[PDB]
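Okay, structure first, notes after.
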Amino acid sequence: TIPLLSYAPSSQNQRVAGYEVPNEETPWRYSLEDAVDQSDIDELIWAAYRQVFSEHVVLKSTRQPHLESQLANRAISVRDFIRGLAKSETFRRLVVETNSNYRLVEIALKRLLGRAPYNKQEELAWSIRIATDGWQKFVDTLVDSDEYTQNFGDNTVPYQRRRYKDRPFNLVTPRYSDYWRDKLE
Amino acid sequence: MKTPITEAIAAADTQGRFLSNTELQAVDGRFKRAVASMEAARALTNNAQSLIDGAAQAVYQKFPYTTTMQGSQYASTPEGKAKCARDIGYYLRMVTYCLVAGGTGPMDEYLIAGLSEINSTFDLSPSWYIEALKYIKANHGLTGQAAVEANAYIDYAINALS
Amino acid sequence: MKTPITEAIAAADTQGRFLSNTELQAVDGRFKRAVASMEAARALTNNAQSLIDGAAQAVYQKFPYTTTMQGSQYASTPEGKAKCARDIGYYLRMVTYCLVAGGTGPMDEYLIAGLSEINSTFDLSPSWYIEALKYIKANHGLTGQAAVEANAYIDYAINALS
Amino acid sequence: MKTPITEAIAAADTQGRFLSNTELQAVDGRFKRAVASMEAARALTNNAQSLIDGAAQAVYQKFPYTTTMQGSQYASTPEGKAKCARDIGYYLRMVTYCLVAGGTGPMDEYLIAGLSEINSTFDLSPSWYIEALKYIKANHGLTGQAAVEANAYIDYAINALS
Amino acid sequence: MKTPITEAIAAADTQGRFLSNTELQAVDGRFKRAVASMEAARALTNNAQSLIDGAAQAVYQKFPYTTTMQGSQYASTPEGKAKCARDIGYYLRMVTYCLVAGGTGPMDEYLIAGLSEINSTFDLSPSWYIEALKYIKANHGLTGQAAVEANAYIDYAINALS
Amino acid sequence: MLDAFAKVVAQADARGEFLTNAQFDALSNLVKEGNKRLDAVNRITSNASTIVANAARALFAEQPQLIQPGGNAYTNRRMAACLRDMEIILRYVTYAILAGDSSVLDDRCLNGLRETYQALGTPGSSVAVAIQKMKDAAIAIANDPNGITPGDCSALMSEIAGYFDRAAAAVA
Amino acid sequence: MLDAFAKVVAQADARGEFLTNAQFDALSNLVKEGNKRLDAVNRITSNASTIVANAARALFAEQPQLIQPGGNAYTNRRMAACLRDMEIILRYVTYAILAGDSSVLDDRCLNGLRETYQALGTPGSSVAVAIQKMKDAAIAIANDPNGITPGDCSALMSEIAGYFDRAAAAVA
Amino acid sequence: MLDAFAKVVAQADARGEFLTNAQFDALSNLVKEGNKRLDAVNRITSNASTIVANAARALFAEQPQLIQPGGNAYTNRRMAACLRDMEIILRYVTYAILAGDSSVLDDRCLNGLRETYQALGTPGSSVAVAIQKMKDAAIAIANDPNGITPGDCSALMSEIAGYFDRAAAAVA
Amino acid sequence: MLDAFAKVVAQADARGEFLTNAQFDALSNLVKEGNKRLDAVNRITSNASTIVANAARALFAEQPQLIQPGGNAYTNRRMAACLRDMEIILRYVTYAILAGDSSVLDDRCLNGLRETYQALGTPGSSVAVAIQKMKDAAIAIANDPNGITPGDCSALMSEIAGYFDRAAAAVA
Ligand SMILES: CCC1=C(C)/C(=C/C2=NC(=C\c3[nH]c(/C=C4\NC(=O)[C@H](C)[C@H]4CC)c(C)c3CCC(=O)O)/C(CCC(=O)O)=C2C)NC1=O
Ligand SMILES: CCC1=C(C)/C(=C/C2=NC(=C\c3[nH]c(/C=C4\NC(=O)[C@H](C)[C@H]4CC)c(C)c3CCC(=O)O)/C(CCC(=O)O)=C2C)NC1=O
Ligand SMILES: CCC1=C(C)/C(=C/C2=NC(=C\c3[nH]c(/C=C4\NC(=O)[C@H](C)[C@H]4CC)c(C)c3CCC(=O)O)/C(CCC(=O)O)=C2C)NC1=O
Ligand SMILES: CCC1=C(C)/C(=C/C2=NC(=C\c3[nH]c(/C=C4\NC(=O)[C@H](C)[C@H]4CC)c(C)c3CCC(=O)O)/C(CCC(=O)O)=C2C)NC1=O
Ligand SMILES: CCC1=C(C)/C(=C/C2=NC(=C\c3[nH]c(/C=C4\NC(=O)[C@H](C)[C@H]4CC)c(C)c3CCC(=O)O)/C(CCC(=O)O)=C2C)NC1=O
Ligand SMILES: CCC1=C(C)/C(=C/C2=NC(=C\c3[nH]c(/C=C4\NC(=O)[C@H](C)[C@H]4CC)c(C)c3CCC(=O)O)/C(CCC(=O)O)=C2C)NC1=O
Ligand SMILES: CCC1=C(C)/C(=C/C2=NC(=C\c3[nH]c(/C=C4\NC(=O)[C@H](C)[C@H]4CC)c(C)c3CCC(=O)O)/C(CCC(=O)O)=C2C)NC1=O
Ligand SMILES: CCC1=C(C)/C(=C/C2=NC(=C\c3[nH]c(/C=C4\NC(=O)[C@H](C)[C@H]4CC)c(C)c3CCC(=O)O)/C(CCC(=O)O)=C2C)NC1=O
Ligand SMILES: CCC1=C(C)/C(=C/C2=NC(=C\c3[nH]c(/C=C4\NC(=O)[C@H](C)[C@H]4CC)c(C)c3CCC(=O)O)/C(CCC(=O)O)=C2C)NC1=O
Ligand SMILES: CCC1=C(C)/C(=C/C2=NC(=C\c3[nH]c(/C=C4\NC(=O)[C@H](C)[C@H]4CC)c(C)c3CCC(=O)O)/C(CCC(=O)O)=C2C)NC1=O
Ligand SMILES: CCC1=C(C)/C(=C/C2=NC(=C\c3[nH]c(/C=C4\NC(=O)[C@H](C)[C@H]4CC)c(C)c3CCC(=O)O)/C(CCC(=O)O)=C2C)NC1=O
Ligand SMILES: CCC1=C(C)/C(=C/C2=NC(=C\c3[nH]c(/C=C4\NC(=O)[C@H](C)[C@H]4CC)c(C)c3CCC(=O)O)/C(CCC(=O)O)=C2C)NC1=O
């Protein structure tokens, strides 16, 4: 309805260029493009589960049997698998229901897109995307951004772009912030 | 939580639209069934004390080894018997909560979530809970459509344990 | 699978680099350990039948109820006894496979993957196999570093089931 | 760094698994190779002053235009000679650091990363350093598998520069 | 905003390269065509009041049936007449900015963006302004290149509204 | 995001005690008044666009500083945004009405709303005035009873007013 | 991503001095005593599940509030999370032990863990006591003198205890 | 990103007044001297590689601690990064020069860069000195009256210097 | 992927019989000559760059059509791509040599490579000739009898040739 209100980007490791060979802190790249055997496909599926949902919350009920079968028969790209995790009801209960739009922009960007918010203005900038278009459409555009297509092509599991001397997003961001802890004792 | 009302609301929120007549029809059906649902919940909770103890004895009879051979996973000690009472009480309380909520939401959030993960770590055989829930499904003391609702939730738990 | 050789190769493949001295040193260590690993595998397979039988009797002694309680999940019937022997034989065979492979690869690809689903659906209590593998770990009849390696893989299976 | 121990740690960390026998065998191989690696490192470091000067003269002899052609990217001036000696010394020092670390970690972090950018902006043709490293590879003064390790790291640097 | 200069800068920034001669040629063209556009802007600002008055009467005559119906979205009352004058002035005020910017940037930033939702909610028919601006389009008093460039922007806006 | 039933169940789960007879009768009362709730949401959703648009017409004139040049509602784009946000608040309030609690209003909205506007540079006080004008519009349209069997639905009107007030106080 | 070797090499690179003879003989000692280290880590990883499970039973017996209804280790989902956190701490400590350096432990696990626990409300003090229980259990099982070629390795056991203590203090 | 023309139209839109005669003649003066602006940016960008390389040699000559082992741009990796950042600042200031305003420079280059360098350990003061070195280089190369139709362009060079100065003041 | 050990284990698991004594003896023979495999891989990988460069110069001298204008290996961009793919094939072959099995080579490099070149329009026959040039160069460098402990490594050299041949036959 509205061209998303422009945000001012801040300097970040992901934005910067660097001529580095992979370190031991390299995020590790789970690519289904090679069409590896089923056993390695299990690792790739697990990494996507580990990214969209946190390692903490990926239990049996969280596991979608259909998704497990999806990424096994060289089906919809790993990107679409990520989107399926994102729009699944368990994700909406675990993340969307427990945070406000402004925090949701940050969480989804850190996990799905894999880069931190450029600034508070960007958190505001995409909050309306969540509101007007709907959360499903917000994650749709989040993984359909030109940035995403360059970052992880199609068959590459999302990873933190470059946490060079930086805390990993999973270990700095909880499932929900203390603001919702008002509903807890 | 997976409550009928909230499920309709979330479905409308996905499409960013005011609540359409489809969702309103769904919640109307929930309200129409709520009379039988709440009466069933009352019946189960006011008979809860007998039910919990009966289920404990039922599992003790079906699996005598769970009462005799030593181990923390078993109720060989009075402390273990207390643990057994506590957990079967959890299941009964969750079923009443699901009955009043009108959906599987409560038991999915407070019980079924990660149930498999922990029942293997603490070595609590799911079959024990299966038999206990079967006893509760046989002695619930409900009748008619109230009974069908309660038994549906009980069997949801049974299938989840398996 | 997660064989040392393949692990180093994959690590170099994801980083788009020729195998450097680090990976070569790792696989050299694998080849140095391979002599003892092969010794251990030979030892386990040469007395496989005795180990399988002894483990079967061990679980029958630790769990008396599995030999009498009626039902398909129990080995009260001779057919069930045969199935129990077959399964513990599978576990021992995979231990020998892991010994030869020098890694947990075979175990993960043929046993651990989805182990929970099967042991829950057919109501096969994990404790049964836990006790069986404990017996195997005690009667393996190995010595030295070879014993260490075999014990480590057996315990990997034990902790994976737990 | 990419040290073998830490590389194994990171490989296990990505999958969230405790260090099984695969990683332990890798580190064991590192420790078994450490005897030869330390021998080679001591040999290179104790003779680290004759070889640096010899390599400087070797490059001057193979490429006589590098010390007479006018400019700032040449060793014609004494300051240029100092910088040239420092560069060849950096290569040798990094090789010894990699020898002690057991892996190519130090080389990648302090040398190989961004090598092309610097060699292109300051007009330092890689051939000069290639010849210098060849001289060091021929006069290192080692024997056996220790010599093999020295001639492996230096050749890695050679094939990284060009 | 979508200024020729700014668009070239953005195209170069997304590639991460220094300004090549292509971009410099484009900005040169902008400067070369910025003589006539600035003349046109000067002309239209110096006679702005008279032309907005004429356009206001033009829309009053073309739509007297809105000029007589009483309501919030009409100019029948004197307060509404004042509102109509200010909004006609707004369109002229934006067109001068468009002329100076040499692009459609101001059009999209101060209008056009979300024109549909505004013309749906307040239901202020764009045809009103369109007729007024066609009066302006003939009576602007520009000639030659100034006239044709201004006409291009004006008709872009007209066809964008529909 | 909870509903009435889920709210009482969540408190009961925190306490760890079977649903009390008092809670049962409370929820029975909630079901007794279900039809009126459904009627109200149906009526408000059928006229939603007109409700918000009519209130907006008055709002911009009664607060001219916003539509004068240099104000936050000036320009076509920001005017579109103000209309959009008014409709957003109306939508989440309708959600709340059907739910029976203000949980949804405070969870995915009204959690830091004031801070967002304050950083954007929008005057929070003007937003509060807009929310209150919307509140009057909504209470009026729901409380114009005709075409249906009458009842004392004043309770529904009061709780709707409470939702709108909660939003207005949260943004200012 | 450092170990003992990388730590000393990084100091030496920061100073810019060729590796001194003293540093060489300081790391040869580490390699000569490496087999003991490997045995210790093998023993702790072989009993990981039992260690965490027994420690968890003890924690819930000493602090029943966690497993009572309404406590943070209730609803069986949070119980799974608690067990997972305990084993995560053990996993990162095991990494630290095998490396011989605390770099990995401080780079991934102990880099601000306090903030996450503080925000969620999970009691950090209880986590600390749980880590200490795991510490004593693991150190005892690894130092069990029967079943292995004998030797004197009290220093390594103290280092293991130090890693556990570092985590327990950093999170609490 | 607002260039000169966009900046004046945006200010005029905020005021709500047709472009004033004074602003008209200001932008007319900019256009009359447009060829000079284009030639300056063309000279700076056509010698970009040499500019950065010469400035780098000067920086390492004046501050040898940088290329000393265990410094701040030592190792090929950090050396490449320092060269990269010098070139990046040059690229964004050339963008700013062509635009005629500093909006791009402060929005997409200097928008938090100071915090980045505070965390990294790179000295902000030294990078400011480097920016000044590049300022002198770019001003000298553009002020080569040999090879171009002559005229007085020092006035236009003063704002190029101003943009370099703005970056140098913003980076520390 | 399956290395040699994994291949024998996988076949034995498929049939469902404990590994027989014959298989054990075979694997013992493999480990007895493992040092030779490691030496060969080390020697080939340390000369990768020279191998690919010499083979490339020879290929373009023998088949000038590739470097003629309008040919496939032209325009300096496709030349870079050609060298990159030649070294890619060499890299996956080295992986295969170290593994002792062709599974990795057949699962990543030559897997569906014929189709790739056929669509791109490159002559697959020429690719095969290039792989053969690399084969002779690499086998000569790896079988160089001067520089190391003497012995007969001919079996391993034939295996290396077999891998190169497999790639050459799968691309053309
Ligand atoms: C649209 C929903 C859907 C269906 C129906 C489906 C079927 C399906 N079953 C599969 C696997 C399989 N299916 C079986 C099935 C059987 N083996 C037997 O002995 C039985 C007779 C039979 C069970 C009744 C087996 C053994 C595999 C594993 C094959 C493999 O990956 O190696 C696979 C291969 C990849 C995967 O495991 O996901 C697919 C695609 N996949 C889907 O996404
Ligand atoms: C509200 C959701 C919820 C559930 C379901 C829950 C279950 C639960 N049951 C447990 C254990 C247990 N549960 C039992 C129960 C039984 N003993 C028997 O003989 C019977 C067969 C059986 C009753 C039917 C026993 C004995 C333990 C202790 C296991 C041990 O110490 O090894 C434990 C481990 C901690 C403990 O010992 O209490 C949990 C977390 N906790 C929860 O927060
Ligand atoms: C190769 C890897 C592999 C494993 C591990 C495996 C497990 C496995 N065990 C099974 C059954 C079984 N497993 C047992 C085993 C036991 N009964 C006892 O009393 C003991 C306590 C215990 C032995 C220690 C029994 C009796 C069955 C048949 C159960 C049934 O049909 O209900 C079945 C069902 C099919 C069948 O009846 O054979 C599977 C799939 N299958 C596999 O392919
Ligand atoms: C440890 C990682 C590391 C490396 C490798 C490194 C190399 C390096 N060598 C340089 C210069 C140089 N290196 C040489 C070296 C040589 N002159 C000759 O005649 C020979 C052929 C050759 C020696 C083999 C010269 C002449 C320069 C100066 C180039 C110039 O200013 O034009 C420079 C430019 C900055 C210097 O003083 O300002 C770098 C960065 N720096 C590093 O931090
Ligand atoms: C979670 C629910 C939710 C809310 C509340 C929300 C509000 C919201 N409104 C915004 C903009 C805006 N909001 C308004 C609203 C107003 N303008 C006025 O004149 C009045 C004072 C006021 C209405 C009474 C305006 C004008 C803007 C545009 C600001 C600008 O671009 O300068 C922005 C800025 C970022 C953007 O445009 O994307 C947000 C986040 N978005 C949401 O998803
Ligand atoms: C700077 C760019 C810009 C534009 C274009 C713009 C348009 C604009 N026109 C408006 C209203 C209006 N427009 C009219 C116009 C007319 N009535 C008639 O009878 C005529 C046929 C017609 C003149 C052609 C009237 C009467 C209103 C007031 C309606 C209201 O407040 O409800 C409003 C509502 C608030 C207000 O009154 O200002 C906006 C925002 N706003 C902007 O910031
Ligand atoms: C698909 C969603 C849905 C709607 C819309 C719905 C409406 C609905 N409203 C009804 C009645 C009613 N509605 C009211 C409500 C009101 N009393 C007042 O003073 C207010 C003006 C108004 C509140 C807005 C009353 C008093 C009745 C009749 C008695 C009753 O049913 O409780 C009835 C029962 C008799 C009838 O059909 O009229 C239905 C079915 N039912 C639905 O399932
Ligand atoms: C790899 C490093 C790492 C750590 C350390 C980590 C901690 C961590 N623990 C979490 C949850 C949790 N952690 C606990 C832990 C406990 N509950 C208790 O009663 C005990 C005192 C304690 C166990 C000893 C619980 C219960 C939750 C779930 C909280 C909830 O969802 O309500 C969460 C919430 C987000 C999520 O579930 O993913 C994080 C981030 N996450 C990480 O990625
Ligand atoms: C795959 C990695 C790996 C393992 C698992 C391994 C085991 C291993 N441990 C050994 C010795 C040993 N292990 C210990 C360890 C201990 N002393 C104690 O008092 C404690 C209870 C325990 C430490 C916690 C000692 C003292 C020796 C003999 C000396 C030595 O070589 O370290 C030895 C040499 C002597 C022998 O054969 O027993 C081997 C081969 N070697 C390896 O390369
Ligand atoms: C587009 C605007 C922009 C800038 C400017 C920017 C800066 C920037 N420079 C970086 C690297 C770096 N930057 C420097 C900087 C310097 N060291 C020195 O001695 C000098 C004084 C100085 C050169 C002027 C160094 C040494 C690194 C490497 C860090 C490392 O590898 O550890 C990094 C780290 C992450 C990465 O490399 O991706 C950032 C974010 N990022 C941006 O997006
Ligand atoms: C493709 C983009 C583009 C460029 C690069 C460009 C440059 C450009 N500079 C010019 C002249 C000129 N350039 C200068 C510049 C200078 N005076 C000095 O003292 C300094 C040494 C130097 C500043 C760089 C002067 C004074 C003139 C003559 C007057 C003028 O036209 O600006 C002219 C007109 C006469 C000619 O063709 O040379 C052009 C076209 N025009 C363009 O459209
Ligand atoms: C980092 C991993 C690693 C490597 C690389 C390594 C090399 C290595 N190769 C060796 C032997 C050897 N190397 C060869 C090699 C050859 N003979 C030929 O005629 C060919 C030209 C060539 C093979 C293509 C032979 C025949 C032996 C002796 C027997 C053997 O151990 O394989 C030896 C033992 C004798 C000695 O040189 O002291 C070592 C240590 N050891 C290691 O732990």
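Tally the residues that are near ligand 2 (Cβ under 9 Å from one of its atoms) and hydroxyl-bearing (S, T, Y), restricting the search to region G:53-101.
The qualifying residues number 2.
For region E:1-45, which positions are among the hydroxyl-bearing types (S, T, Y), more than 9 Å from chain H (Cβ to nearest Cβ) and either within 16 Å of ligand 2 (Cβ to nearest atom) or within 16 Å of E:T104 (Cα to Cα) (or both)? Outline the logic, then answer.
From region E:1-45, those among the hydroxyl-bearing types (S, T, Y) are E:3, E:6, E:14, E:20, E:22, E:37, E:45; that's our starting set.
Among the residues that remain, those that are also more than 9 Å from chain H (Cβ to nearest Cβ) are: E:14, E:22, E:37.
Matches in region E:1-45: E:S37 only.
One residue is enough: does region A:163-179 have a residue meeting the conditions more than 24 Å from G:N72 (Cβ to Cβ) and touching a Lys or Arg at 6+ places or on another chain (Cβ under 6 Å)?
no
Going by the conditions given, is E:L92 touching a residue at least 40 places away in the same chain (Cβ under 8 Å), in a helix (DSSP H, G or I) and not small (G, A, S)? Full working, then the answer.
Numbers: touching a residue at least 40 places away in the same chain (Cβ under 8 Å): yes; in a helix (DSSP H, G or I): yes; not small (G, A, S): yes.
Yes: the conditions hold for E:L92.
Just checking, which of B:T68, B:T96 is over 21 Å from B:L161 (Cα atoms) and away from ligand 7 (no atom under 16 Å from the Cβ)? Reasoning before the result, please.
On the way: B:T96 fails: over 21 Å from B:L161 (Cα atoms).
The match here is B:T68.
Limited to region D:78-105, what total is found for residues that are buried (at least 17 other Cβ atoms within 10 Å of the Cβ), out of contact with any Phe, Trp or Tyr (no Cβ under 8 Å at 6 or more places or on another chain) and under 19 Å from D:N47 (Cβ atoms)?
Qualifying residue count for the region: 3.
If you take just the helices (runs of 4 or more DSSP H) that sit entirely in region I:71-172, which of them hold at least 2 residues that are crowded, with 22+ Cβ neighbours inside 10 Å?
I:77-99, I:124-142, I:154-171
For region B:136-162, give me each residue that is surrounded by 20 or more Cβ atoms within 10 Å (Cβ to Cβ) and among the hydroxyl-bearing types (S, T, Y).
Hit for region B:136-162 is B:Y153, nothing else.
I'd like to know if region E:35-42 contains one or more residues that are within 16 Å of ligand 11 (Cβ to nearest atom) and either in a helix (DSSP H, G or I) or farther than 22 Å from H:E17 by Cβ (or both).
Pass one, region E:35-42, residues within 16 Å of ligand 11 (Cβ to nearest atom): E:35.
Next, from what is left, pick out any that are either in a helix (DSSP H, G or I) or farther than 22 Å from H:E17 by Cβ (or both): E:35.
Scanning region E:35-42 turns up at least one residue that is within 16 Å of ligand 11 (Cβ to nearest atom) and either in a helix (DSSP H, G or I) or farther than 22 Å from H:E17 by Cβ (or both).
For the list (1) surrounded by 17 or more Cβ atoms within 10 Å (Cβ to Cβ); (2) of a type in the set (D, E); (3) closer than 30 Å to C:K137 by Cα, I need the number of the one condition that G:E33 fails.
Tallying (1) surrounded by 17 or more Cβ atoms within 10 Å (Cβ to Cβ); (2) of a type in the set (D, E); (3) closer than 30 Å to C:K137 by Cα, G:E33 fails exactly one: (1).
Please identify the pairs in which a residue from region B:3-25 that is of a type in the set (S, T, N, Q) has its Cβ atom under 7 Å from the Cβ atom of a residue that is in a helix (DSSP H, G or I), counting only partners at least 6 apart or on another chain.
From residues that are of a type in the set (S, T, N, Q), the pairs are B:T3/B:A101; B:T3/B:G105; B:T3/F:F5; B:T3/F:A6; B:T6/F:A6; B:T14/A:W135; B:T14/A:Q136; B:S20/B:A12.
For region A:53-72, name all the residues that are within 16 Å of ligand 1 (Cβ to nearest atom) and either in contact with a strand residue (DSSP E or B) (Cβ under 8 Å, 6 or more places away or on another chain) or not small (G, A, S) (or both). Show your work before the answer.
Looking only at region A:53-72, we keep the residues that are within 16 Å of ligand 1 (Cβ to nearest atom), and these are A:63-72.
Those that are within 16 Å of ligand 1 (Cβ to nearest atom) and either in contact with a strand residue (DSSP E or B) (Cβ under 8 Å, 6 or more places away or on another chain) or not small (G, A, S) (or both): A:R63, A:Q64, A:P65, A:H66, A:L67, A:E68, A:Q70, A:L71.
Let me confirm something: among E:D108, E:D123, which residue is surrounded by fewer than 15 Cβ atoms within 10 Å (Cβ to Cβ), closer than 30 Å to A:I2 by Cα and either of a type in the set (D, E, K, R) or within 14 Å of chain F (Cβ to nearest Cβ) (or both)? Can you show your working first?
Details: E:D108 fails: surrounded by fewer than 15 Cβ atoms within 10 Å (Cβ to Cβ).
None of the others qualify; the one that does is E:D123.
Checking the structure you have, find out if any residue of region H:40-52 is within 16 Å of ligand 4 (Cβ to nearest atom), surrounded by 18 or more Cβ atoms within 10 Å (Cβ to Cβ), without any contact (Cβ under 8 Å) to a residue 60 or more places away in the chain and of a type in the set (S, T, N, Q).
The initial filter retains those residues of region H:40-52 that are within 16 Å of ligand 4 (Cβ to nearest atom), namely H:49-52.
Those still in the list that are surrounded by 18 or more Cβ atoms within 10 Å (Cβ to Cβ) too: H:51-52.
Keeping just the survivors that are without any contact (Cβ under 8 Å) to a residue 60 or more places away in the chain gives none.
Scanning region H:40-52 turns up no residue that is within 16 Å of ligand 4 (Cβ to nearest atom), surrounded by 18 or more Cβ atoms within 10 Å (Cβ to Cβ), without any contact (Cβ under 8 Å) to a residue 60 or more places away in the chain and of a type in the set (S, T, N, Q).
For region H:29-66, give me each residue that is closer than 23 Å to H:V127 by Cα, of a type in the set (V, I, T), out of contact with any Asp or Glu (no Cβ under 7 Å at 6 or more places or on another chain) and within 9 Å of another protein chain (Cβ to nearest Cβ).
H:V41, H:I44, H:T45
Checking the structure you have, find out if any residue of region A:154-169 is away from chain G (no Cβ under 12 Å) and surrounded by fewer than 17 Cβ atoms within 10 Å (Cβ to Cβ).
Within region A:154-169 (the criterion being away from chain G (no Cβ under 12 Å) and surrounded by fewer than 17 Cβ atoms within 10 Å (Cβ to Cβ)), the answer is yes, since at least one residue qualifies.
So which residues in region B:59-72 are surrounded by 19 or more Cβ atoms within 10 Å (Cβ to Cβ) and either within 16 Å of ligand 3 (Cβ to nearest atom) or more than 14 Å from chain C (Cβ to nearest Cβ) (or both)?
Just the residues of region B:59-72 that are surrounded by 19 or more Cβ atoms within 10 Å (Cβ to Cβ), to begin with: B:59, B:66.
The one that is surrounded by 19 or more Cβ atoms within 10 Å (Cβ to Cβ) and either within 16 Å of ligand 3 (Cβ to nearest atom) or more than 14 Å from chain C (Cβ to nearest Cβ) (or both): B:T66.
What is the one condition in (1) over 15 Å from F:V41 (Cα atoms); (2) free of Cβ contacts under 8 Å to residues at least 24 places away in the same chain that F:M157 does not satisfy?
(1)
Just to be sure I understand, how many residues within region H:1-28 are closer than 25 Å to A:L5 by Cα and within 14 Å of chain F (Cβ to nearest Cβ)?
So the answer is 9.
Please work out which residue is nearest to the other protein chains (Cβ to nearest Cβ), limiting yourself to region H:98-128 and to residues that are farther than 25 Å from H:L30 by Cα and hydroxyl-bearing (S, T, Y).
Among those that are farther than 25 Å from H:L30 by Cα and hydroxyl-bearing (S, T, Y), it is H:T116.
Would a scan of region C:135-144 turn up a residue that is in contact (Cβ under 8 Å) with a residue 60 or more places away in the chain, farther than 18 Å from C:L51 by Cβ and among the small types (G, A, S)? Don't jump to the end; show me each part of the working.
Within region C:135-144, the subset in contact (Cβ under 8 Å) with a residue 60 or more places away in the chain is C:135-136, C:139-142, C:144.
Pick out the ones that are also farther than 18 Å from C:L51 by Cβ and you get C:144.
Now restrict to residues that are among the small types (G, A, S): C:144.
So far as region C:135-144 goes, yes, one or more of its residues are in contact (Cβ under 8 Å) with a residue 60 or more places away in the chain, farther than 18 Å from C:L51 by Cβ and among the small types (G, A, S).
Just to verify a result, which residue in region C:78-102, among those that are under 11 Å from the mean Cα position of the chain (by Cα) and within 16 Å of ligand 9 (Cβ to nearest atom), is farthest from I:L30 (Cα to Cα)?
Here the residue is C:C98.
Could you check region I:119-155 and list, in sequence order, the residues that are of a type in the set (D, E, K, R) and within 15 Å of I:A58 (Cα to Cα)? Please lay out each step first, then the result.
Quick first cut of region I:119-155, residues of a type in the set (D, E, K, R) only: I:133, I:135-136, I:144, I:152.
Once the filter is applied, which keeps residues that are of a type in the set (D, E, K, R) and within 15 Å of I:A58 (Cα to Cα), region I:119-155 yields I:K133, I:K135, I:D136.
Based on what the data block shows, is F:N111 away from ligand 2 (no atom under 16 Å from the Cβ) and in contact with a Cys (Cβ under 9 Å, 6 or more places away or on another chain)?
Details: away from ligand 2 (no atom under 16 Å from the Cβ): yes; in contact with a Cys (Cβ under 9 Å, 6 or more places away or on another chain): no.
Taking the combined requirement at face value, the residue does not satisfy it.
Being over 19 Å from the mean Cα position of the chain (by Cα) and either surrounded by 13 or more Cβ atoms within 10 Å (Cβ to Cβ) or touching a residue at least 60 places away in the same chain (Cβ under 8 Å) (or both) narrows it down to one of E:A56, E:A75, E:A43, so name that one.
Working: E:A56 fails: over 19 Å from the mean Cα position of the chain (by Cα); E:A43 fails: over 19 Å from the mean Cα position of the chain (by Cα).
The unique qualifying residue is E:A75.
Given the conditions (1) in contact (Cβ under 8 Å) with a residue 24 or more places away in the chain; (2) within 7 Å of another protein chain (Cβ to nearest Cβ), report the number of the one that D:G114 does not fulfil.
(1)
Values in this text are rule-based calculations from the coordinates and carry no lab data. A quick note on method: Cβ atoms are made from the backbone with ideal geometry, for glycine too, and the neighbour counts reach across all protein chains shown.
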